[PDB]
file coords_16.cif (mmCIF, C-alpha atoms and all ligand atoms)
data_entry
#
loop_
_atom_site.group_PDB
_atom_site.id
_atom_site.type_symbol
_atom_site.label_atom_id
_atom_site.label_comp_id
_atom_site.auth_asym_id
_atom_site.auth_seq_id
_atom_site.Cartn_x
_atom_site.Cartn_y
_atom_site.Cartn_z
ATOM 1 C CA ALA A 9 0.000 0.000 0.000
ATOM 2 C CA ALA A 10 0.926 3.670 -0.552
ATOM 3 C CA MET A 11 4.519 2.917 -1.569
ATOM 4 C CA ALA A 12 3.177 0.763 -4.415
ATOM 5 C CA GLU A 13 1.622 3.872 -5.954
ATOM 6 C CA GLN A 14 4.869 5.788 -5.335
ATOM 7 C CA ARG A 15 6.889 3.134 -7.170
ATOM 8 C CA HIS A 16 4.353 3.022 -10.010
ATOM 9 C CA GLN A 17 4.625 6.758 -10.618
ATOM 10 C CA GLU A 18 8.414 6.469 -10.543
ATOM 11 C CA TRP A 19 8.279 3.668 -13.119
ATOM 12 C CA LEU A 20 5.924 5.592 -15.407
ATOM 13 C CA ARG A 21 8.286 8.574 -15.173
ATOM 14 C CA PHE A 22 11.092 6.399 -16.549
ATOM 15 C CA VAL A 23 8.802 5.026 -19.263
ATOM 16 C CA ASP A 24 7.916 8.580 -20.327
ATOM 17 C CA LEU A 25 11.527 9.797 -20.207
ATOM 18 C CA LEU A 26 12.638 6.944 -22.464
ATOM 19 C CA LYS A 27 9.609 7.510 -24.730
ATOM 20 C CA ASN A 28 10.741 11.095 -25.239
ATOM 21 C CA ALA A 29 14.391 10.066 -25.608
ATOM 22 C CA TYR A 30 13.454 7.869 -28.574
ATOM 23 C CA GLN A 31 11.631 10.888 -30.037
ATOM 24 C CA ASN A 32 14.794 13.005 -29.733
ATOM 25 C CA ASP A 33 17.336 10.323 -30.795
ATOM 26 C CA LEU A 34 18.857 10.302 -27.304
ATOM 27 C CA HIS A 35 17.671 6.776 -26.453
ATOM 28 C CA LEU A 36 21.073 5.141 -26.972
ATOM 29 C CA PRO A 37 23.021 7.457 -24.610
ATOM 30 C CA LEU A 38 20.092 7.495 -22.162
ATOM 31 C CA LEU A 39 20.179 3.698 -21.990
ATOM 32 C CA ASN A 40 23.970 3.767 -21.534
ATOM 33 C CA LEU A 41 23.451 6.085 -18.571
ATOM 34 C CA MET A 42 20.512 4.182 -17.060
ATOM 35 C CA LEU A 43 21.666 0.562 -17.493
ATOM 36 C CA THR A 44 24.830 -1.365 -16.743
ATOM 37 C CA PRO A 45 26.699 -3.346 -19.421
ATOM 38 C CA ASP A 46 25.534 -6.597 -17.784
ATOM 39 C CA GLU A 47 21.912 -5.401 -17.774
ATOM 40 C CA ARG A 48 22.073 -4.517 -21.484
ATOM 41 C CA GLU A 49 23.553 -7.931 -22.208
ATOM 42 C CA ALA A 50 20.771 -9.647 -20.279
ATOM 43 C CA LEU A 51 18.127 -7.769 -22.269
ATOM 44 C CA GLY A 52 19.762 -8.709 -25.566
ATOM 45 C CA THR A 53 19.765 -12.321 -24.424
ATOM 46 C CA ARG A 54 16.151 -12.179 -23.211
ATOM 47 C CA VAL A 55 15.098 -11.108 -26.722
ATOM 48 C CA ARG A 56 16.726 -14.251 -28.111
ATOM 49 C CA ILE A 57 15.020 -16.341 -25.406
ATOM 50 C CA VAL A 58 11.645 -14.891 -26.469
ATOM 51 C CA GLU A 59 12.466 -15.515 -30.124
ATOM 52 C CA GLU A 60 13.405 -19.136 -29.613
ATOM 53 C CA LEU A 61 10.461 -19.810 -27.292
ATOM 54 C CA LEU A 62 8.083 -18.439 -29.928
ATOM 55 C CA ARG A 63 9.843 -20.425 -32.666
ATOM 56 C CA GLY A 64 9.237 -23.587 -30.651
ATOM 57 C CA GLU A 65 12.047 -25.693 -32.104
ATOM 58 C CA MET A 66 14.578 -25.760 -29.246
ATOM 59 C CA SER A 67 14.130 -27.658 -26.020
ATOM 60 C CA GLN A 68 15.053 -25.873 -22.812
ATOM 61 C CA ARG A 69 18.352 -27.796 -22.805
ATOM 62 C CA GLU A 70 19.058 -26.837 -26.409
ATOM 63 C CA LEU A 71 18.256 -23.196 -25.676
ATOM 64 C CA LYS A 72 20.623 -23.371 -22.688
ATOM 65 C CA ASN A 73 23.426 -24.796 -24.834
ATOM 66 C CA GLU A 74 22.937 -22.122 -27.492
ATOM 67 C CA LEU A 75 22.620 -19.051 -25.258
ATOM 68 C CA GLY A 76 24.354 -19.952 -22.012
ATOM 69 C CA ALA A 77 21.103 -19.225 -20.170
ATOM 70 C CA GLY A 78 20.372 -21.683 -17.390
ATOM 71 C CA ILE A 79 17.230 -23.781 -17.084
ATOM 72 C CA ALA A 80 15.819 -21.438 -14.444
ATOM 73 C CA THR A 81 16.454 -18.345 -16.620
ATOM 74 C CA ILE A 82 14.707 -20.009 -19.557
ATOM 75 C CA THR A 83 11.828 -21.025 -17.281
ATOM 76 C CA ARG A 84 11.500 -17.425 -16.092
ATOM 77 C CA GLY A 85 11.257 -16.362 -19.708
ATOM 78 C CA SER A 86 8.677 -19.005 -20.589
ATOM 79 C CA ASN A 87 6.517 -18.159 -17.578
ATOM 80 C CA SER A 88 6.719 -14.450 -18.418
ATOM 81 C CA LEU A 89 5.832 -15.058 -22.062
ATOM 82 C CA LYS A 90 2.846 -17.195 -21.034
ATOM 83 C CA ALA A 91 1.719 -14.235 -18.889
ATOM 84 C CA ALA A 92 1.994 -11.677 -21.657
ATOM 85 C CA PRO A 93 -1.137 -10.273 -23.317
ATOM 86 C CA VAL A 94 -2.166 -11.960 -26.546
ATOM 87 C CA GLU A 95 -1.664 -8.823 -28.627
ATOM 88 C CA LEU A 96 1.956 -8.538 -27.500
ATOM 89 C CA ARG A 97 2.641 -12.218 -28.203
ATOM 90 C CA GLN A 98 1.141 -11.963 -31.703
ATOM 91 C CA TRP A 99 3.174 -8.834 -32.450
ATOM 92 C CA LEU A 100 6.392 -10.418 -31.150
ATOM 93 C CA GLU A 101 5.879 -13.400 -33.478
ATOM 94 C CA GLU A 102 5.727 -10.981 -36.416
ATOM 95 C CA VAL A 103 8.693 -8.859 -35.407
ATOM 96 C CA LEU A 104 11.041 -11.569 -34.111
ATOM 97 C CA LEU A 105 10.308 -14.437 -36.537
ATOM 98 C CA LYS A 106 9.580 -12.363 -39.665
ATOM 99 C CA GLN B 4 40.502 -18.466 -28.048
ATOM 100 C CA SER B 5 41.144 -14.728 -28.146
ATOM 101 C CA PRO B 6 41.903 -13.066 -24.786
ATOM 102 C CA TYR B 7 39.414 -10.410 -25.939
ATOM 103 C CA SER B 8 36.856 -11.256 -28.638
ATOM 104 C CA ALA B 9 35.921 -8.156 -30.610
ATOM 105 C CA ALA B 10 33.667 -10.436 -32.679
ATOM 106 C CA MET B 11 31.654 -11.534 -29.647
ATOM 107 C CA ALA B 12 31.537 -7.968 -28.351
ATOM 108 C CA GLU B 13 29.922 -6.867 -31.618
ATOM 109 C CA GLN B 14 27.532 -9.826 -31.624
ATOM 110 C CA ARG B 15 26.387 -8.855 -28.122
ATOM 111 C CA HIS B 16 26.032 -5.276 -29.261
ATOM 112 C CA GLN B 17 23.799 -6.314 -32.165
ATOM 113 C CA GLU B 18 21.632 -8.303 -29.737
ATOM 114 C CA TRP B 19 21.353 -5.172 -27.597
ATOM 115 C CA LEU B 20 20.431 -3.028 -30.589
ATOM 116 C CA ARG B 21 17.757 -5.577 -31.510
ATOM 117 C CA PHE B 22 16.158 -4.953 -28.118
ATOM 118 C CA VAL B 23 16.468 -1.178 -28.531
ATOM 119 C CA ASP B 24 14.730 -1.402 -31.913
ATOM 120 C CA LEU B 25 12.060 -3.741 -30.559
ATOM 121 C CA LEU B 26 11.222 -1.301 -27.765
ATOM 122 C CA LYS B 27 11.309 1.671 -30.168
ATOM 123 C CA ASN B 28 8.641 -0.007 -32.265
ATOM 124 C CA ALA B 29 6.627 -1.052 -29.204
ATOM 125 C CA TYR B 30 6.413 2.596 -28.166
ATOM 126 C CA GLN B 31 5.028 3.390 -31.618
ATOM 127 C CA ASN B 32 2.051 1.020 -31.239
ATOM 128 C CA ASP B 33 1.424 1.219 -27.461
ATOM 129 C CA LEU B 34 2.953 -2.185 -26.670
ATOM 130 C CA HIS B 35 5.792 -0.696 -24.599
ATOM 131 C CA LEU B 36 4.221 -1.269 -21.187
ATOM 132 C CA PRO B 37 3.506 -4.999 -21.747
ATOM 133 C CA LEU B 38 6.856 -5.407 -23.489
ATOM 134 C CA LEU B 39 8.652 -3.963 -20.465
ATOM 135 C CA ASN B 40 6.676 -6.220 -18.106
ATOM 136 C CA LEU B 41 7.797 -9.148 -20.241
ATOM 137 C CA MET B 42 11.436 -8.138 -20.536
ATOM 138 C CA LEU B 43 12.145 -6.732 -17.024
ATOM 139 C CA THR B 44 11.611 -7.988 -13.478
ATOM 140 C CA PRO B 45 9.702 -5.893 -10.910
ATOM 141 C CA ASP B 46 12.986 -5.254 -9.097
ATOM 142 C CA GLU B 47 14.629 -4.106 -12.338
ATOM 143 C CA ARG B 48 11.718 -1.767 -13.059
ATOM 144 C CA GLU B 49 11.944 -0.338 -9.549
ATOM 145 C CA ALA B 50 15.701 0.161 -9.941
ATOM 146 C CA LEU B 51 15.153 2.106 -13.182
ATOM 147 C CA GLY B 52 12.535 4.293 -11.508
ATOM 148 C CA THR B 53 14.946 5.008 -8.670
ATOM 149 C CA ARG B 54 17.801 5.724 -11.071
ATOM 150 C CA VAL B 55 15.723 8.494 -12.683
ATOM 151 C CA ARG B 56 15.453 10.181 -9.286
ATOM 152 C CA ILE B 57 19.194 9.758 -8.698
ATOM 153 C CA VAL B 58 19.903 11.514 -12.005
ATOM 154 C CA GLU B 59 17.382 14.243 -11.184
ATOM 155 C CA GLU B 60 18.902 14.982 -7.784
ATOM 156 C CA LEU B 61 22.497 14.778 -9.066
ATOM 157 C CA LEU B 62 21.712 17.309 -11.803
ATOM 158 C CA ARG B 63 19.906 19.452 -9.233
ATOM 159 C CA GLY B 64 22.977 19.358 -6.983
ATOM 160 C CA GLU B 65 20.957 20.292 -3.896
ATOM 161 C CA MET B 66 20.729 17.138 -1.783
ATOM 162 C CA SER B 67 23.838 15.740 -0.124
ATOM 163 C CA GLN B 68 24.844 12.120 -0.608
ATOM 164 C CA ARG B 69 23.507 11.434 2.886
ATOM 165 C CA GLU B 70 20.256 13.174 1.935
ATOM 166 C CA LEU B 71 20.084 11.174 -1.312
ATOM 167 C CA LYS B 72 20.790 7.909 0.534
ATOM 168 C CA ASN B 73 18.164 8.676 3.188
ATOM 169 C CA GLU B 74 15.565 9.849 0.664
ATOM 170 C CA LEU B 75 15.883 6.927 -1.765
ATOM 171 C CA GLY B 76 17.286 4.077 0.321
ATOM 172 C CA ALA B 77 20.191 3.989 -2.153
ATOM 173 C CA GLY B 78 23.646 3.086 -0.863
ATOM 174 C CA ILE B 79 26.713 5.208 -1.511
ATOM 175 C CA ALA B 80 27.990 2.717 -4.100
ATOM 176 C CA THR B 81 24.733 3.121 -6.035
ATOM 177 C CA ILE B 82 24.884 6.938 -5.919
ATOM 178 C CA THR B 83 28.533 6.814 -7.010
ATOM 179 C CA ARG B 84 27.811 4.498 -9.944
ATOM 180 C CA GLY B 85 25.195 6.971 -11.154
ATOM 181 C CA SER B 86 27.479 9.977 -10.702
ATOM 182 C CA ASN B 87 30.241 8.169 -12.603
ATOM 183 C CA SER B 88 27.859 7.298 -15.425
ATOM 184 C CA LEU B 89 26.611 10.881 -15.548
ATOM 185 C CA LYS B 90 30.237 11.959 -16.056
ATOM 186 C CA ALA B 91 30.421 9.830 -19.221
ATOM 187 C CA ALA B 92 27.159 11.113 -20.694
ATOM 188 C CA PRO B 93 27.316 13.321 -23.797
ATOM 189 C CA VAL B 94 26.552 17.007 -23.423
ATOM 190 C CA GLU B 95 23.399 16.722 -25.526
ATOM 191 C CA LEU B 96 22.012 14.118 -23.126
ATOM 192 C CA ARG B 97 22.868 16.049 -19.957
ATOM 193 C CA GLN B 98 21.372 19.253 -21.379
ATOM 194 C CA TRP B 99 18.193 17.409 -22.375
ATOM 195 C CA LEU B 100 17.927 15.696 -18.974
ATOM 196 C CA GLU B 101 18.234 19.125 -17.333
ATOM 197 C CA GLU B 102 15.433 20.487 -19.530
ATOM 198 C CA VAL B 103 13.116 17.542 -18.773
ATOM 199 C CA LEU B 104 13.907 16.574 -15.169
ATOM 200 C CA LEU B 105 14.577 20.032 -13.665
ATOM 201 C CA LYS B 106 11.025 21.336 -14.111
HETATM 202 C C1 LIG C 1 12.231 -13.567 -21.819
HETATM 203 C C2 LIG C 1 12.933 -13.554 -20.505
HETATM 204 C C3 LIG C 1 13.948 -14.431 -20.267
HETATM 205 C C4 LIG C 1 14.633 -14.441 -19.006
HETATM 206 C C5 LIG C 1 14.219 -13.511 -18.043
HETATM 207 N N1 LIG C 1 14.738 -13.306 -16.748
HETATM 208 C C6 LIG C 1 14.016 -12.283 -16.209
HETATM 209 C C7 LIG C 1 13.028 -11.776 -17.110
HETATM 210 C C8 LIG C 1 12.058 -10.702 -16.840
HETATM 211 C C9 LIG C 1 10.634 -11.305 -16.558
HETATM 212 N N2 LIG C 1 9.515 -10.333 -16.611
HETATM 213 C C10 LIG C 1 13.157 -12.572 -18.286
HETATM 214 C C11 LIG C 1 12.518 -12.605 -19.525
HETATM 215 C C1 LIG C 2 21.744 7.069 -12.577
HETATM 216 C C2 LIG C 2 22.166 5.770 -12.067
HETATM 217 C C3 LIG C 2 22.108 5.510 -10.736
HETATM 218 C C4 LIG C 2 22.534 4.253 -10.211
HETATM 219 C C5 LIG C 2 23.021 3.286 -11.111
HETATM 220 N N1 LIG C 2 23.486 1.993 -10.821
HETATM 221 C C6 LIG C 2 23.834 1.440 -12.035
HETATM 222 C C7 LIG C 2 23.598 2.353 -13.125
HETATM 223 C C8 LIG C 2 23.904 2.108 -14.573
HETATM 224 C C9 LIG C 2 25.229 2.820 -15.007
HETATM 225 N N2 LIG C 2 25.374 3.118 -16.460
HETATM 226 C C10 LIG C 2 23.085 3.528 -12.523
HETATM 227 C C11 LIG C 2 22.667 4.785 -12.996
#
call {"tool": "encode", "arguments": {"input": "coords_16.cif", "output": "structure tokens"}}
result
Amino acid sequence: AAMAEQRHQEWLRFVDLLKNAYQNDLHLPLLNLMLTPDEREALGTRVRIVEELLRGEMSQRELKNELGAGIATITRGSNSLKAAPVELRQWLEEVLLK
Amino acid sequence: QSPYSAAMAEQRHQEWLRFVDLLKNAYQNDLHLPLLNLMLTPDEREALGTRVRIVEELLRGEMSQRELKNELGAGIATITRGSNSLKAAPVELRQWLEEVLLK
């Protein structure tokens, strides 16, 4: 309670700042300021996890061998993808597989 | 194997740019909020929200490090990492952040 609203406004403030950074072509330096190298790497790898989960060809073990992501990391990704709204999942199939 | 792989560094960078482009396009069709719930943890989202306030108060230059720690619950190492990163930011970014964050 209470703090949850505080955190939500703080998160939306970031979302809006980055929204406007993309509009002004400052998104790349903004994301270098706001994220660590390891965090950027994780996000690049999470995209590939989403891609290969949507593609449906690799087992969890095969996805681990390809990406270096452990079984628990892949399971986190699968559970998050199952939780995503349908419209996002359908769009991701289009953007990441074609 | 190379002591330092420039090839792997660039491959990782392309993976990062793929995310950046994915999120750019999600902003254009109002899928950015669900995309960020998919791609980030709650703790990571909270950290990003807190980092915005660290930048704001560092640019403002008013609060001490003790005041910033007390206000945000952010250790000295966290405040220092943000100050160091602010030092590496390009002038165009710092000027824009001043315009947007400082009223
Ligand atoms: C796709 C994917 C793969 C691994 C992951 N680890 C943590 C997250 C954030 C969950 N909202 C994640 C997402
Ligand atoms: C502004 C701020 C505050 C605290 C932080 N901790 C880690 C980072 C990412 C560094 N590029 C960061 C940025």
call {"tool": "interface_residues", "arguments": {"input": "coords_16.cif", "of": "chain A", "to": "chain B", "cutoff": "7 Å", "atoms": "only C-alpha atoms", "output": "PyMOL selection string"}}
result
chain A and resi 15+18-19+22+27+30+34+37-38+41-42+48-49+51-55+88-89+92+96
call {"tool": "closest_residue", "arguments": {"input": "coords_16.cif", "among": "A:14, A:68, A:81, A:40", "to": "ligand LIG 1 (chain C)", "atoms": "all atoms listed in the file"}}
result
A:81
call {"tool": "closest_residue", "arguments": {"input": "coords_16.cif", "among": "B:75, B:82, B:12, B:62", "to": "ligand LIG 2 (chain C)", "atoms": "all atoms listed in the file"}}
result
B:82
call {"tool": "closest_residue", "arguments": {"input": "coords_16.cif", "among": "B:71, B:83, B:64, B:7", "to": "ligand LIG 2 (chain C)", "atoms": "all atoms listed in the file"}}
result
B:83
call {"tool": "closest_residue", "arguments": {"input": "coords_16.cif", "among": "A:50, A:12, A:43, A:29", "to": "ligand LIG 2 (chain C)", "atoms": "all atoms listed in the file"}}
result
A:43
call {"tool": "atom_distance", "arguments": {"input": "coords_16.cif", "atom1": "CA of residue 85 (chain A)", "atom2": "CA of residue 26 (chain A)"}}
result
23.5 Å
call {"tool": "axis_aligned_box", "arguments": {"input": "coords_16.cif", "around": "ligand LIG 2 (chain C)", "padding_each_side": "6 Å", "output": "JSON"}}
result
{"center_x": 23.6, "center_y": 4.3, "center_z": -13.3, "size_x": 15.6, "size_y": 17.6, "size_z": 18.2}
call {"tool": "atom_distance", "arguments": {"input": "coords_16.cif", "atom1": "CA of residue 13 (chain B)", "atom2": "CA of residue 105 (chain A)"}}
result
21.6 Å
call {"tool": "atom_distance", "arguments": {"input": "coords_16.cif", "atom1": "CA of residue 81 (chain B)", "atom2": "CA of residue 31 (chain A)"}}
result
28.4 Å
